[PDB]
Every structure is written in C-alpha cells, then in structure tokens.
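First the proteins, then the strands, lettered A, B, ... as listed; each starts at 1.
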Amino acid sequence: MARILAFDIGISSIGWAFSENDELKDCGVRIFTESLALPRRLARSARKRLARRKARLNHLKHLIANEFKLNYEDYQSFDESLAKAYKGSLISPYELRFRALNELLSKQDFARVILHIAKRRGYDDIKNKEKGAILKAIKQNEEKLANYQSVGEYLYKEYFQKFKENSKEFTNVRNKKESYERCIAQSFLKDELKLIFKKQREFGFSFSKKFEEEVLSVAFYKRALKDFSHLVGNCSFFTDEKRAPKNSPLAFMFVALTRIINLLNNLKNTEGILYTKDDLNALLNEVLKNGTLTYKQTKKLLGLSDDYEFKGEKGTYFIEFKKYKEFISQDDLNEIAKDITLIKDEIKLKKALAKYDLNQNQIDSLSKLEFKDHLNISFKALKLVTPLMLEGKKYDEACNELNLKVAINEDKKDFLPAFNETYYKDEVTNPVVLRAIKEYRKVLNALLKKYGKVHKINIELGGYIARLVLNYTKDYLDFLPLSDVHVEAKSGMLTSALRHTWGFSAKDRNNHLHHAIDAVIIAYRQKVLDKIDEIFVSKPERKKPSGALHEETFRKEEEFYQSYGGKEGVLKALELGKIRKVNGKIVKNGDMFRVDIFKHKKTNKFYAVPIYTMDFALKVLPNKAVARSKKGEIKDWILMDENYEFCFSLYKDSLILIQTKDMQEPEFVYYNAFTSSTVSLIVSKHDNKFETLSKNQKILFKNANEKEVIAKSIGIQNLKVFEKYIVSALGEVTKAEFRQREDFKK
RNA sequence: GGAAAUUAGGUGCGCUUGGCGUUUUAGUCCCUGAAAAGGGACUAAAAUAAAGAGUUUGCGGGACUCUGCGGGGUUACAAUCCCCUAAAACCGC
DNA sequence: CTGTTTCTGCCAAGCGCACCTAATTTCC
DNA sequence: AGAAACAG
C-alpha cells in the first residue's frame with residue numbers, strides 16, 4: 001500500500017493524482033482561475049486623496065468666511081449648479097494672482113486666489129538616477145520661473161489666453177492629454193501665497209496674523225506615513241517578538257560582530273590563521289568609533305594587502321551610525337531607534353522621544369534621522385546572542401550554548417490547517433500565491449476525507465512557491481508511518497523529460513485535462529488515459545457580490561437616445577437597472593455576479609432576473625425578468641409574481657444541466673454569462689476538449705473548435721431541461737437541493 | 001534543504017501625495033448663420049464609485065478619523081455568515 | 001432563438017513592510 | 001474579462 005498524492009500546482013489550476021500499490025486510483029483537475037488587490041488599492045488611494053482635498057478646501061472656506069465675514073454657503077454648490085461666489089462674469093484667478101503683486105485685492109478676489117492655489121498645490125519635491133516626465137518638467141519650469149516674481153505671474157503671462165504657434169486657439173495653462181509639461185514644485189506655490197499675503201499687507205489689506213498662519217498650514221499640510229508597525233515581521237526564535245531595527249546599537253553591534261567573527265573564521269578556513277578576542281576587539285573598536293571599517297584598515301590590522309571575498313572600499317559600512325551618535329541607557333537607546341524607525345510623523349516622534357531623559361537639542365536632532373529596515377531576529381534574541389559573540393563566539397556557537405532553536409510546529413494534524421494559522425503566513429502578501437495555496441489545501445483535505453491518511457505527497461510547479469507548499473505541508477500534516485521524508489518535490493526538467501518519454505508530450509495541451517496527466521507524472525499507459533477520460537473538471541461558482549458598482553466612464557444621456565428610445569427610454573432603462581445614475585452621472589453596469597432563474601408555473605417557460613454589483617450595494621433585490629425588445633425601444637420587463645416560482649440562482653461557473661428541443665439528451669455545462677439583450681446563456685464544456693465531442697454535444701456546441709468549446713446565445717425561455725448542480729473540489733457532481741431565493745439585508 | 005549576515009537587482013502588499021480624464025454649472029476668447037441653430041479653444045467651480053460607521057470622553061460637532069472593487073475561514077457550494085478589519089486629536093458644554 | 005461586434009480610465013514620485021533572485025561570509 | 005448592443 002504505497003499511497004501517493006501528487007499535485008501539479010499552477011497559477012490557475014490544481015492537477016492531482018492518487019496512487020496506491022503502484023496503481024492509479026483517482027484523477028482530477030481543479031480550475032480556480034494583473035494583481036487582484038491593485039485596482040482596489042488605486043481606487044482606495046484616490047478616494048482618500050480627494051476626500052482630504054475636499055475637507056482641506058472646506059477648512060479654508062471656513063477660514064475665509066470667518067476672516068472676511070463672507071458666506072460659507074456661497075462657496076458650496078447648490079442644486080448641482082455653480083457656487084454663488086463664482087457666478088457672473090468672472091476674472092480668472094491667474095489674472096487675480098498677477099494683480100495681487102501690484103494692487104489691493106477685493107476680499108472676494110483674495111478668497112478665490114487662496115482657493116485656486118490650494119486646490120492644485122503642486123508636487124512636493126522632497127527628494128531632489130533617471131528622472132521621469134514629472135521630474136523633468138518641474139526642473140524645466142524652475143528655470144523659466146527665475147524670470148518671474150511668482151508662479152501666478154508666470155502662468156498668467158506665458159500661457160493664459162496666449163495663442164500657440166500660428167493658431168487662433170488659446171494655449172493650455174493646465175496640463176492636457178498625458179502631458180505633464182506644466183508641473184511646478186509645490187514649494188514655489190507656497191512661496192507665491194506667502195508673497196501675495198505680504199504684498200496685500202503693503203497695499204492695506206487687513207487680516208489677523210493667525211489667519212495667514214492658519215491658511216498656510218491648512219493648505220499645505222501633508223500627513224506622514226500611516227502607522228505600519230503591524231507589518232513588521234517577527235523573530236525567528238521568539239515568534240511573539242517583533243524584529244529588531246537595523247539601526248539600533250544592538251543591531252549595529254550584532255551585525256558588526258557577525259562580519260568580523262565570520263571573517264576571522266574565514267581566514268582560518270583559508271589560511272589557518274587563528275585570531276583572538278584582542279584581534280577582534282581591535283576591529284570592533286574601529287567600528288564603534290566611526291561606524292566604518294574599510295578593507296584597507298582590516299588587512300593592515302592583521303597581515304598583508306590581500307583580496308578576500310571583496311567588493312568596494314568599506315568592509316563594514318554603518319552609514320547612519322555616525323549620524324546617530326552625533327545627534328545624542330542601553331535599553332532606551334534600542335527603544336529610541338525603534339521609535340525613529342517606525343514613527344515617521346516627526347511631531348509624534350518628538351512626543352515619543354520626550355518620554356526619555358534627553359534634552360530638547362537631542363530630541364530635535366533625533367527627530368530628523370531617517371531609519372528603516374529590520375533584522376530577522378528580535379531584541380530579546382540579540383540580548384542573548386550578542387554577549388557570547390562579544391567573547392568571540394560564532395552565531396551558531398552562541399545559539400547552541402544558549403539552547404536557542406528556530407521555532408517550528410510540533411503538533412501535526414490529520415487535515416492541513418488554514419495557511420493563515422501557520423508561521424509561514426506573514427511571508428506571503430501576494431493574493432495570487434495565497435489563492436493557489438488555498439485551493440491546494442481544499443483539494444488535499446478533500447482527498448484526505450475521501451481516502452484517509454497517505455504515506456507520501458509529491459509536488460511540482462517561481463519555484464519558491466513549491467518549496468513553500470512543501471515546507472507548509474511537512475510542518476503541519478500527519479502522515480502514515482512508512483517504517484517500524486513524506487513530502488518530496490519532483491524536478492521540473494525530469495517531469496518534462498518523462499512527458500516526452502511516455503508520449504504525453506502533446507496529448508491534451510489545448511484543454512484542461514493535461515494538468516492531470518502531469519500530476520500522474522509527478523506521482524511516478526492506456527490505463528492512465530482511461531482514468532483521465534473519467535475526470536470531470538471542477539470549477540467553483542463565483543459568488544462574490546462585491547466589485548466595481550458601475551463602469552468608470554461618465555456618459556451623457558444622449559448616448560442612449562438611439563438605442564433606448566430617446567428620453568423616455570433612458571428613464572425606463574434607469575428604472576430597470578440597465579443603466580445607473582450616480583451623482584447625477586449616467587454609467588453602465590458593473591459585473592452581473594448573479595442571475596435568478598424563474599419558471600412560469602403553467603407554461604414551464606424560464607425567465608431570468610439579472611443581478612449586478614450595484615443592486616447588492618443598494619440592498620434591493622430586483623424582481624423583474626428580462627423581456628426581449630424591439631430594435632430601438634425598451635419593452636416592459638416581467639414582474640415575477642405568484643405566477644412564477646424561483647428555481648435557483650446562477651453565478652459565474654455554476655454547474656447546470658441543460659437540453660434544448662433539438663438535443664436528444666441533456667448535457668452538463670458550466671454557466672458563464674447571461675446576456676440581457678438576447679435573454680440567452682453562454683456555456684462551456686468542463687474540460688474544454690474539442691476532440692471528445694459527442695454527437696449530442698455537437699448539437700449544443702455547434703461552433704466549437706480545437707481551441708475552445710463554448711456555446712453562446714442559447715435561449716433559456718424554451719429550454720426543455722434547465723437544472724442546477726454542484727461540483728465538489730474533486731469533480732464530484734451532485735444535484736443542487738432546492739434553496740430559497742437569497743435576499744439582500746437592510 | 002535549514003539558521004544568521006552583507007551588497008545589488010526585482011516582485012507583491014500597504015501608505016502619503018501630485019497631474020490628468022470625464023460629467024455638471026457657468027465664464028473668457030474666437031467662428032458660421034438673417035434668424036433658427038449652433039461650433040471650437042480656454043478658464044473656474046462642484047462631482048469623481050452607491051452608501052455608511054466610529055471611539056479617544058458623558059454628549060455633540062467636522063474646520064476629525066475610518067470602512068466602501070482584496071484575501072482568508074466556513075461547506076451538497078462559497079457567500080451577504082466569521083476573520084484579516086481601527087484608533088487618536090481638536091472644537092463646544 | 002442564434003451570431004457577431006463593440007467597448008472597458010490613466011500616469012507619476014516617494015515612503016514603508018513582506019518576500020524573491022544573483023553573488024559573498026559563518027554554521028547545521 | 002465581461003456587459004450588451006448590433007445583427008440575423
């Protein structure tokens with residue numbers, strides 16, 4: 001009973017095979033198919049950036065209304081129309097900002113000047129390698145800016161309502177169409193608003209000193225990085241302790257001792273030269289004095305001029321060490337470096353440093369240092385290993401003397417636990433990798449439930465993901481005793497050579513079944529192909545209701561006049577959900593994650609209610625089935641009243657059994673989409689294999705070819721059979737028991 | 001294969017911002033037309049997922065903060081269930 | 001009740017964390 | 001990737 005489970009873990013597929021006594025017992029393929037979190041992050045950053053601009057502008061509008069005795073409501077929009085302070089014939093802010101250098105402004109003029117500069121305050125050139133387009137433009141604009149008093153005068157005189165080359169068109173002041181030519185560093189716009197205040201002061205404009213200070217601080221405030229201390233990794237030994245910052249004295253001591261001790265021992269392995277703690281203390285004393293230890297010194301402190309494993313001038317290069325000591329308890333010192341590493345907000349860093357006995361000159365000095373990066377071990381481990389290494393002992397000798405062992409799991413389980421509950425979790429942030437590991441666990445645990453414990457697991461695929469899955473499996477899974485190494489990896493170059501040897505080289509390269517023949521290879525002829533023909537490829541139904549609520553292109557309602565039937569058709573489309581109106585903007589739907597299938601109780605005809613991401617957001621469950629329309633109008637949809645009974649809900653990759661009147665037998669297919677314009681289905685064959693197509697399947701998949709087996713535009717209304725099924729992760733097909741229609745809450 | 005370190009180049013996740021683009025309401029400048037009807041360039045302002053939540057402190061506020069297109073767990077299936085997934089300051093009494 | 005085409009938001013600068021890869025050192 | 005208008 002040599003029981004083996006083999007897995008071909010792909011980017012979007014899981015092939016698995018089960019062998020026992022050199023006999024293939026079961027086969028299957030699990031198809032779970034740019035970055036996942038990226039669009040969510042971009043939309044998140046954009047929301048926060050604009051929400052903060054809005055509140056920043058509202059804050060200035062409050063200050064302007066309070067200082068100038070103006071109306072705050074006159075700077076907000078009402079009835080989706082222009083704010084009252086901006087109505088009528090309007091002098092541009094570019095002209096107002098030029099006048100401010102020469103004459104007194106009206107307080108209505110100064111109000112619009114402040115708000116115009118603050119809305120687009122320019123790029124904060126903090127850093128100042130290859131320079132991108134925006135960095136090129138701020139430098140090119142900086143050189144032109146030296147001939148002008150302010151940014152306002154520069155834009156007003158060089159571009160505002162000035163005609164381009166041999167044209168009757170105004171050139172652009174704002175940037176246009178993928179060009180960044182007008183980008184100007186934010187510090188210059190702060191200089192302009194400071195100059196405008198001073199010049200208006202000379203011209204007789206009266207305002208409290210607190211007003212200008214508040215306006216400047218509010219308009220140009222920028223938050224530091226949000227607290228990220230939770231994202232720091234943990235120690236290899238003490239998993240409950242955070243990693244130590246690299247720029248702490250202990251870490252400097254540990255790293256310096258690591259290079260020095262290892263170099264002295266390296267010379268023993270190479271030249272048999274035995275050095276002492278004194279020869280160690282000499283090299284360490286040179287590090288502790290300047291944080292530096294060039295190779296030229298070290299060789300002179302112990303021999304000739306030699307080339308041992310080299311690169312550059314410095315052997316030890318603690319760049320930030322000298323700055324740390326120049327800016328100034330051992331535990332408080334390491335705790336200070338941690339605060340400098342983590343608290344990027346200088347004011348919050350000033351407050352954190354203030355809890356320690358240090359003068360104001362030291363606190364301001366320590367607040368300016370930039371620390372980053374961490375070791376892989378904690379301060380707790382450094383407090384133990386470093387004293388022994390100070391005595392000249394290597395890292396491994398110190399760990400063995402202290403009985404320090406790397407943390408590893410001891411309680412192995414029958415089933416593989418959630419990857420989130422292992423100490424390998426913090427190593428993986430990529431949702432793509434987390435996805436593949438999840439589907440590996442689900443398939444493995446399903447096999448364990450079906451057949452029981454196994455002796456061995458073989459794995460093959462970025463090959464580090466295989467080493468990760470392997471270490472994760474042998475650290476946490478309990479295997480059958482093979483005696484009185486249970487997890488192994490198969491060489492990819494070897495498995496590819498077996499594919500050519502066993503004739504499988506080009507068997508089913510175009511369909512989903514070839515992931516299983518690879519797993520059959522990982523575990524180790526015509527009997528093998530017999531098992532492959534029995535596979536039903538498993539795909540999970542996609543029930544996620546979240547996503548973009550609508551397309552991102554805002555459209556005019558006139559775009560739909562021809563297709564929907566003018567204004568009357570647009571209002572009808574809005575009432576049916578064929579289009580949405582968000583913030584007064586017409587937008588198309590997002591994903592149709594669900595469709596609810598109904599059946600007329602007396603005619604037996606089927607009807608479909610499409611359900612979109614916006615509908616879930618509204619928490620309103622639609623109840624009207626699509627009806628086909630004439631060419632240029634929208635027919636009434638059909639209310640699902642007591643004449644229609646809910647059958648089931650379909651999601652992408654739901655398994656269904658369908659049969660048309662022209663089909664002699666029903667067929668299991670995967671539901672892919674419901675097309676609302678034609679009230680029809682798109683379905684696909686489980687394995688996407690064109691060569692095994694039966695006579696009955698050719699009726700349904702009349703347009704199939706060697707690359708895809710997909711049937712589009714299949715009408716649902718007169719289907720003879722339309723039933724929902726459920727696929728397990730191993731390819732088992734079960735009839736879907738009736739479940740009542742799932743509602744939206746609140 | 002495993003523990004530690006160094007240098008360099010990448011990937012992902014996260015955060016702080018900038019500039020567009022679009023829709024809307026107007027304006028500046030120019031253009032065809034008898035009028036109708038418009039057209040183009042440019043400028044400003046508002047909006048930029050629907051919509052919600054919350055302590056610090058007893059209550060309230062936004063001139064506060066956060067959630068809102070991701071992943072994991074659960075299982076005839078994977079979801080709207082569960083977890084990753086909050087916490088301060090300031091103003092007023 | 002089928003068959004086919006159309007249309008979809010985007011880039012830039014910088015700072016953090018977790019990893020990967022390629023070399024190099026001490027070790028098991 | 002996937003909604004849905006256009007087309008037959």
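Contact annotation: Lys61(A) side-chain N/O to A46(B) OP1/OP2 distance is under 4.0 Å. Within the structure, a side-chain polar atom (N or O) of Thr553(A) is placed less than 4.0 Å from OP1 or OP2 of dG9(C). Residue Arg435(A) places none of its side-chain N or O atoms closer than 4.0 Å to OP1 or OP2 of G12(B). Proximity of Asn66(A) to the phosphate of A63(B): no side-chain N or O atom is located under 4.0 Å from OP1 or OP2. Phosphate proximity of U6(B) to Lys246(A): present, with a side-chain N or O under 4.0 Å from OP1 or OP2. Distances shorter than 4.0 Å separate none of the side-chain N or O atoms of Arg47(A) from OP1 or OP2 on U17(B). An OP1 or OP2 oxygen of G18(B) is reached within less than 4.0 angstrom by no side-chain nitrogen or oxygen of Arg120(A). Applying the 4.0 Å criterion to OP1 and OP2 of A63(B), one finds that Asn58(A) has a side-chain N or O inside that range. For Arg259(A) and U7(B), the shortest distance from a side-chain N or O to OP1 or OP2 is not below 4.0 Å. Close to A49(B), at under 4.0 Å from its OP1 or OP2, lies no side-chain N or O of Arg40(A). Side-chain nitrogen and oxygen atoms of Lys48(A) include none within less than 4.0 Å of the OP1 or OP2 phosphate oxygen of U17(B).
With hydrogens and angles ignored, a donor-acceptor pair under 3.5 angstrom links the side chain of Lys543(A) to the base of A78(B). A donor-acceptor contact under 3.5 Å is not formed by the side chain of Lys54(A) with the base of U48(B). Side chain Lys394(A) to base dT26(C): no donor-acceptor pair is found below 3.5 Å. Interface remark: the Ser677(A) side chain does form a donor-acceptor pair with the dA5(D) base, using a distance-only criterion of under 3.5 Å. You won't find any donor-acceptor pair under 3.5 Å spanning the side chain of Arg223(A) and the base of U65(B), going by distance alone. With hydrogens and angles ignored, no donor-acceptor pair under 3.5 angstrom links the side chain of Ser89(A) to the base of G27(B).
Under a 4.0 Å N-O distance rule, the pair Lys630(A)/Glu633(A) qualifies as a salt bridge.
Rounded to whole angstrom, the span from the NZ atom of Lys578(A) across to the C1' atom of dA3(D) amounts to 10 Å. Regarding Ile634(A), its CD1 atom lies at a distance of 11 Å from the P atom of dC6(D), rounded to whole Å.
Of the candidate nucleotides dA12(C), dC6(D), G70(B), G70(B) has the atom nearest to the side chain of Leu36(A). Considering only side-chain atoms of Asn420(A), the nucleotide from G72(B), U74(B), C29(B) that sits closest is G72(B). Here the nucleotide nearest the side chain of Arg243(A), chosen from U28(B), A4(B), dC19(C), is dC19(C). Proximity note for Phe554(A) (side chain, C-beta onward) versus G14(B), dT8(C), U48(B): the nearest is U48(B). Among the nucleotides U17(B), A45(B), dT4(C), the one closest to the side chain of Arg49(A) is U17(B). When each of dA7(D), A50(B), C69(B) is scored by its nearest atom to the side-chain atoms of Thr678(A), the top-ranked nucleotide is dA7(D). Each of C69(B), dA4(D), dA13(C) was ranked by its minimum atom distance to the side chain of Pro39(A); first place goes to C69(B).
Contact check for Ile726(A) versus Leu655(A): no side-chain heavy atoms found under the 4.5 Å cut-off. Within the 4.5 Å cutoff, the side chain of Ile138(A) has no heavy atoms near those of the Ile184(A) side chain.
With both hydrogen-bonding distances under 3.5 Å required, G62(B) and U75(B) do not qualify as a Watson-Crick or G-U wobble pair. A Watson-Crick or G-U wobble pair links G58(B) with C93(B), each of its two atom distances being under 3.5 Å.
Counting any heavy atom pair closer than 4.0 Å across all strands shown, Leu375(A) reaches sugar-phosphate atoms only and no base atom. At a threshold of 4.0 angstrom between heavy atoms, the contacts of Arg56(A) are confined to the sugar-phosphate backbone, with no base atom among them. Among the atoms of the strands shown, only primed sugar atoms or phosphate atoms (P, OP1, OP2) are found under 4.0 Å from some heavy atom of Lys372(A).
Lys442(A) and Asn445(A) are not linked by any side-chain donor-acceptor pair at a separation below 3.5 angstrom, with hydrogens and angles left out of the test. In summary, the side chains of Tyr75(A) and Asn58(A) do not present any donor paired with an acceptor at a separation below 3.5 Å, with no hydrogens or angles considered.
A stacked arrangement is not assigned to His59(A) and the six-membered base ring of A63(B), the conditions of a centre distance below 5.5 Å and an interplanar angle below 30° not being jointly met.
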| Going through the checks in order, is the side chain to side chain donor-acceptor pair (under 3.5 Å) test met by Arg182(A) and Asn172(A)? | CA-CA 9 Å; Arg182(A) 307 280 190 264; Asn172(A) 56 309; 3.1 Å; yes

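More than 12 non-hydrogen atoms from other residues, nucleotides or ligands lie less than 6.0 angstrom from NZ of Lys425(A).
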